[PDB]
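One chain is shown next in structure tokens, namely the form deposited without 5-nitro-1H-indole-2-carboxylic acid.
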């Protein structure tokens, strides 16, 4: 069955207007995504903050078009030192953050280019490209060890401000989060191990899944479709991209969107509206 995201709710449950719009997008190659007009879509979306995953692009190769975003002028990029053309994340912001950091602790010695932390006035934003378990699960144990390290890193954040975590967390939490749950229970992204790590992330930090909090029983809402077999045209997909929020931020939550129609990648964008 196809899916149509509901209209943008730009007002908090108590009636407060949204003041902050965050967009997150696994672009599956920054240079290719720009050629497929991804940046034209970002301009129409006009977010205050834009988070990108899988940029696959070093610091010298970023297209000029990107610097020329005047409403997103503060930009922070990280790529892995070893595997250029792999991973890579970015964070673009209207206002300048108070602090930006990279990685989950040892980045200066282990530059993986998967995590950016940006502290703002009233909240901390983490965007993440979570490592894949791999075809045939060959890196699943590494993913479980990474999940645990990431969990610990997020819990032990010095700042007492609430947390927004977004990006490609590379797991469909529950059966409602993908089209073919039973056929995928031993595939990367829906193993019991990755699902349990997601549940432990929510409990340990603690965090709430913004989209599922608002739409707890809505099926067929996905953010990824394999390029192959025309999966996107049949909406055979997985929800892999999330906005996870501190409990204190839930009254500020206006809406959590899935931008199903925006092309340019095998993921589509997600967008958060907060009344801060």
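Positions refer to the first chain, counted from 1.
Same protein, other form: the form deposited with 5-nitro-1H-indole-2-carboxylic acid bound, not shown, and the subject of what follows.
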item	value
Any non-hydrogen atom of residue 108 within 4.5 angstroms of 5-nitro-1H-indole-2-carboxylic acid in the deposited bound form	no
Contact label in the deposited bound form: residue 240 to 5-nitro-1H-indole-2-carboxylic acid, heavy atom within 4.5 Å	no
Residue 94: touches 5-nitro-1H-indole-2-carboxylic acid in the deposited bound form, heavy atom cutoff 4.5 angstroms	yes
4.5 angstroms heavy atom contact with 5-nitro-1H-indole-2-carboxylic acid in the deposited bound form for residue 73	no
Contact residue in the deposited bound form, chosen from 120, 102, 153, 77 - any heavy atom within 4.5 Å of 5-nitro-1H-indole-2-carboxylic acid	120
Contacting member of 49, 27, 244, 57, with respect to 5-nitro-1H-indole-2-carboxylic acid in the deposited bound form [4.5 Å, heavy atom]	49
Proximity to 5-nitro-1H-indole-2-carboxylic acid in the deposited bound form (heavy atom, within 4.5 Å), stretch among 204-212, 41-49, 231-239, 217-225	41-49
